[PDB]
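One structure is given here, and the rest of the page talks about it.
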Amino acid sequence: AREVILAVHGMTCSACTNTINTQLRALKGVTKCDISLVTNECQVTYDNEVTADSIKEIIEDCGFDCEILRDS
Ligand SMILES: [Cu+2]
C-alpha cells in the first residue's frame, strides 16, 4: 500500500466530501481515506487492486473535477 493525493475541485461542503470519502471506503483496495476541504485534495491509502486511476474516476463521477496530483 501507499497514499495518493487527488487534487479535487468543485466540492465545497460536508455532504460532498462525506459522499466522496464514503465512496473511496466502498471500492476494494482502499485501506484509509482522509478528505480535506482545506487543501482541496482527497488523500486515499490504496494497496494495488484499486489505484488513483479508478479513484479519480469515482471522485469525478461523484460530480466534480479532480486529478491525481501526486503520491501522498
Ligand atoms: Cu457540496
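To be explicit about the labels: the chains of the C-alpha cells are called A, B, and onward in the order shown, and within each one the residues are counted from 1, while ligands get numbers from 1 in the order they are shown.
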*Identify all residues of chain A in helix (DSSP H, G or I) (DSSP on the backbone) and supply them as an MDAnalysis selection string.*
chainID A and resid 14:25 52:61
Please dump the current selection as a PDB file, in the first residue's frame; keep N, CA and C atoms.
ATOM      1  N   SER A  14     -19.642  19.503   3.420  1.00  0.00           N
ATOM      2  CA  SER A  14     -19.626  18.290   4.203  1.00  0.00           C
ATOM      3  C   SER A  14     -20.295  17.159   3.431  1.00  0.00           C
ATOM      4  N   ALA A  15     -21.474  17.410   2.858  1.00  0.00           N
ATOM      5  CA  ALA A  15     -22.198  16.407   2.094  1.00  0.00           C
ATOM      6  C   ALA A  15     -21.331  15.842   0.968  1.00  0.00           C
ATOM      7  N   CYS A  16     -20.602  16.703   0.249  1.00  0.00           N
ATOM      8  CA  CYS A  16     -19.834  16.306  -0.916  1.00  0.00           C
ATOM      9  C   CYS A  16     -18.626  15.524  -0.443  1.00  0.00           C
ATOM     10  N   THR A  17     -17.861  16.100   0.475  1.00  0.00           N
ATOM     11  CA  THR A  17     -16.704  15.396   0.975  1.00  0.00           C
ATOM     12  C   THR A  17     -17.049  14.098   1.713  1.00  0.00           C
ATOM     13  N   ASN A  18     -18.211  14.060   2.357  1.00  0.00           N
ATOM     14  CA  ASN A  18     -18.685  12.863   3.010  1.00  0.00           C
ATOM     15  C   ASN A  18     -18.967  11.809   1.952  1.00  0.00           C
ATOM     16  N   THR A  19     -19.820  12.185   1.000  1.00  0.00           N
ATOM     17  CA  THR A  19     -20.085  11.432  -0.211  1.00  0.00           C
ATOM     18  C   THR A  19     -18.785  10.911  -0.824  1.00  0.00           C
ATOM     19  N   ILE A  20     -17.751  11.753  -0.919  1.00  0.00           N
ATOM     20  CA  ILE A  20     -16.504  11.316  -1.534  1.00  0.00           C
ATOM     21  C   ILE A  20     -15.899  10.213  -0.671  1.00  0.00           C
ATOM     22  N   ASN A  21     -15.476  10.533   0.554  1.00  0.00           N
ATOM     23  CA  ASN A  21     -14.717   9.566   1.348  1.00  0.00           C
ATOM     24  C   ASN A  21     -15.470   8.247   1.534  1.00  0.00           C
ATOM     25  N   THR A  22     -16.789   8.349   1.672  1.00  0.00           N
ATOM     26  CA  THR A  22     -17.710   7.219   1.670  1.00  0.00           C
ATOM     27  C   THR A  22     -17.486   6.304   0.457  1.00  0.00           C
ATOM     28  N   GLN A  23     -17.403   6.854  -0.760  1.00  0.00           N
ATOM     29  CA  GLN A  23     -17.240   6.056  -1.955  1.00  0.00           C
ATOM     30  C   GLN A  23     -15.885   5.370  -1.925  1.00  0.00           C
ATOM     31  N   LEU A  24     -14.828   6.141  -1.648  1.00  0.00           N
ATOM     32  CA  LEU A  24     -13.480   5.598  -1.543  1.00  0.00           C
ATOM     33  C   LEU A  24     -13.464   4.395  -0.600  1.00  0.00           C
ATOM     34  N   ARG A  25     -14.096   4.555   0.564  1.00  0.00           N
ATOM     35  CA  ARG A  25     -14.233   3.494   1.547  1.00  0.00           C
ATOM     36  C   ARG A  25     -14.805   2.216   0.928  1.00  0.00           C
ATOM     37  N   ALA A  52      -5.244   5.255  -8.075  1.00  0.00           N
ATOM     38  CA  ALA A  52      -5.584   6.643  -8.323  1.00  0.00           C
ATOM     39  C   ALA A  52      -6.368   6.825  -9.621  1.00  0.00           C
ATOM     40  N   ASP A  53      -6.180   5.912 -10.576  1.00  0.00           N
ATOM     41  CA  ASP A  53      -6.873   5.912 -11.853  1.00  0.00           C
ATOM     42  C   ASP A  53      -8.382   5.732 -11.639  1.00  0.00           C
ATOM     43  N   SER A  54      -8.754   4.606 -11.028  1.00  0.00           N
ATOM     44  CA  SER A  54     -10.140   4.313 -10.689  1.00  0.00           C
ATOM     45  C   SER A  54     -10.665   5.376  -9.723  1.00  0.00           C
ATOM     46  N   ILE A  55      -9.919   5.636  -8.651  1.00  0.00           N
ATOM     47  CA  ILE A  55     -10.255   6.635  -7.652  1.00  0.00           C
ATOM     48  C   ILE A  55     -10.584   7.986  -8.271  1.00  0.00           C
ATOM     49  N   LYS A  56      -9.703   8.513  -9.128  1.00  0.00           N
ATOM     50  CA  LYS A  56     -10.018   9.684  -9.927  1.00  0.00           C
ATOM     51  C   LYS A  56     -11.440   9.557 -10.472  1.00  0.00           C
ATOM     52  N   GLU A  57     -11.717   8.474 -11.190  1.00  0.00           N
ATOM     53  CA  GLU A  57     -12.976   8.291 -11.885  1.00  0.00           C
ATOM     54  C   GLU A  57     -14.161   8.338 -10.916  1.00  0.00           C
ATOM     55  N   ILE A  58     -14.108   7.533  -9.853  1.00  0.00           N
ATOM     56  CA  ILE A  58     -15.076   7.556  -8.751  1.00  0.00           C
ATOM     57  C   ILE A  58     -15.323   8.997  -8.286  1.00  0.00           C
ATOM     58  N   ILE A  59     -14.238   9.692  -7.962  1.00  0.00           N
ATOM     59  CA  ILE A  59     -14.285  11.038  -7.428  1.00  0.00           C
ATOM     60  C   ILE A  59     -14.855  12.020  -8.473  1.00  0.00           C
ATOM     61  N   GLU A  60     -14.541  11.865  -9.765  1.00  0.00           N
ATOM     62  CA  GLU A  60     -15.162  12.653 -10.826  1.00  0.00           C
ATOM     63  C   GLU A  60     -16.674  12.392 -10.837  1.00  0.00           C
ATOM     64  N   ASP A  61     -17.060  11.112 -10.934  1.00  0.00           N
ATOM     65  CA  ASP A  61     -18.436  10.625 -11.024  1.00  0.00           C
ATOM     66  C   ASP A  61     -19.324  11.197  -9.920  1.00  0.00           C
TER      67      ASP A  61
END
*Please run DSSP on the backbone and report, as a list in words, all residues within chain A that come out as strand (DSSP E).*
residues 2, 3, 4, 5, 6, 7, 8, 9, 30, 31, 32, 33, 34, 35, 36, 41, 42, 43, 44, 45, 46, 65, 66, 67, 68, 69 and 70 of chain A
Residues from last step as file, N, CA, C and O atoms, as a tab-separated table (two decimals), in the first residue's frame:
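Saved file out_30.tsv follows:
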chain	number	residue	atom	x	y	z
A	2	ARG	N	0.18	2.38	-0.36
A	2	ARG	CA	0.72	3.73	-0.41
A	2	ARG	C	-0.45	4.70	-0.42
A	2	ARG	O	-1.58	4.32	-0.72
A	3	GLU	N	-0.14	5.96	-0.12
A	3	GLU	CA	-1.08	7.06	-0.19
A	3	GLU	C	-0.98	7.73	-1.55
A	3	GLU	O	0.10	7.82	-2.12
A	4	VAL	N	-2.11	8.24	-2.04
A	4	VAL	CA	-2.16	9.11	-3.21
A	4	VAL	C	-3.05	10.30	-2.90
A	4	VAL	O	-4.07	10.15	-2.22
A	5	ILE	N	-2.65	11.48	-3.40
A	5	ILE	CA	-3.43	12.67	-3.37
A	5	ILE	C	-4.12	12.87	-4.72
A	5	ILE	O	-3.47	12.89	-5.77
A	6	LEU	N	-5.42	13.10	-4.65
A	6	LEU	CA	-6.21	13.54	-5.77
A	6	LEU	C	-6.50	15.00	-5.45
A	6	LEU	O	-7.15	15.26	-4.44
A	7	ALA	N	-6.01	15.95	-6.25
A	7	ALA	CA	-6.44	17.33	-6.11
A	7	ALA	C	-7.87	17.37	-6.63
A	7	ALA	O	-8.12	16.85	-7.72
A	8	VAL	N	-8.80	17.89	-5.83
A	8	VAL	CA	-10.23	17.76	-6.05
A	8	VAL	C	-10.83	19.16	-5.99
A	8	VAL	O	-10.62	19.89	-5.03
A	9	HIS	N	-11.59	19.53	-7.02
A	9	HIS	CA	-12.16	20.86	-7.19
A	9	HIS	C	-13.65	20.73	-7.51
A	9	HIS	O	-14.08	19.75	-8.11
A	30	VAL	N	-8.78	-0.10	-0.87
A	30	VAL	CA	-8.61	1.17	-0.17
A	30	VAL	C	-8.53	0.89	1.33
A	30	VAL	O	-9.48	0.36	1.91
A	31	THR	N	-7.40	1.23	1.95
A	31	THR	CA	-7.13	0.98	3.36
A	31	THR	C	-7.59	2.12	4.26
A	31	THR	O	-8.11	1.89	5.35
A	32	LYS	N	-7.37	3.36	3.82
A	32	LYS	CA	-7.68	4.56	4.60
A	32	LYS	C	-8.11	5.63	3.61
A	32	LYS	O	-7.85	5.51	2.41
A	33	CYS	N	-8.80	6.67	4.09
A	33	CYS	CA	-9.33	7.72	3.24
A	33	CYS	C	-9.67	8.95	4.07
A	33	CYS	O	-10.60	8.90	4.87
A	34	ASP	N	-8.92	10.04	3.84
A	34	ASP	CA	-8.98	11.28	4.58
A	34	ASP	C	-9.12	12.41	3.56
A	34	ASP	O	-8.18	12.71	2.83
A	35	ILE	N	-10.31	13.02	3.48
A	35	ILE	CA	-10.55	14.16	2.61
A	35	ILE	C	-10.34	15.49	3.35
A	35	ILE	O	-10.53	15.54	4.56
A	36	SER	N	-9.96	16.56	2.63
A	36	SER	CA	-9.80	17.88	3.22
A	36	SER	C	-10.43	18.97	2.36
A	36	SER	O	-10.00	19.22	1.23
A	41	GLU	N	-7.81	18.60	-1.59
A	41	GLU	CA	-7.39	17.31	-2.07
A	41	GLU	C	-8.16	16.22	-1.30
A	41	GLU	O	-8.68	16.47	-0.21
A	42	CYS	N	-8.24	15.02	-1.88
A	42	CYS	CA	-8.60	13.80	-1.20
A	42	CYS	C	-7.32	13.00	-1.05
A	42	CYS	O	-6.65	12.78	-2.06
A	43	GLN	N	-6.97	12.58	0.17
A	43	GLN	CA	-5.90	11.62	0.38
A	43	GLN	C	-6.54	10.25	0.59
A	43	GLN	O	-7.50	10.13	1.36
A	44	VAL	N	-6.04	9.23	-0.10
A	44	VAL	CA	-6.56	7.88	0.00
A	44	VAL	C	-5.37	6.92	0.11
A	44	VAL	O	-4.38	7.15	-0.60
A	45	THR	N	-5.44	5.90	0.97
A	45	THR	CA	-4.39	4.90	1.09
A	45	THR	C	-4.92	3.70	0.33
A	45	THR	O	-5.96	3.17	0.72
A	46	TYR	N	-4.26	3.29	-0.76
A	46	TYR	CA	-4.68	2.14	-1.54
A	46	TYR	C	-3.59	1.08	-1.52
A	46	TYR	O	-2.42	1.43	-1.29
A	65	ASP	N	-14.55	17.97	-10.37
A	65	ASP	CA	-13.38	17.99	-11.24
A	65	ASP	C	-12.16	17.65	-10.39
A	65	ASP	O	-11.80	18.43	-9.51
A	66	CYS	N	-11.52	16.50	-10.60
A	66	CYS	CA	-10.33	16.11	-9.85
A	66	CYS	C	-9.26	15.51	-10.76
A	66	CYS	O	-9.57	15.10	-11.87
A	67	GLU	N	-8.03	15.45	-10.25
A	67	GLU	CA	-6.92	14.74	-10.88
A	67	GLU	C	-5.97	14.22	-9.81
A	67	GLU	O	-5.78	14.84	-8.77
A	68	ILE	N	-5.34	13.07	-10.10
A	68	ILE	CA	-4.19	12.58	-9.37
A	68	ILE	C	-3.10	13.65	-9.38
A	68	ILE	O	-2.48	13.89	-10.41
A	69	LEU	N	-2.90	14.30	-8.23
A	69	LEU	CA	-1.94	15.37	-8.12
A	69	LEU	C	-0.56	14.76	-7.88
A	69	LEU	O	0.39	15.11	-8.58
A	70	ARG	N	-0.44	13.81	-6.94
A	70	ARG	CA	0.84	13.17	-6.63
A	70	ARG	C	0.65	12.06	-5.60
A	70	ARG	O	-0.38	12.03	-4.93
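The space between atom CA of residue 28 of chain A and atom CA of residue 72 of chain A spans 18.8 Å.
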_Ranking A:50, A:40, A:10, A:27 by minimum distance to ligand 1 and counting only C-alpha atoms and all ligand atoms, which one comes first?_
A:10
*Counting only C-alpha atoms and all ligand atoms, the residue of A:26, A:38, A:11, A:1 that sits nearest ligand 1*: A:11
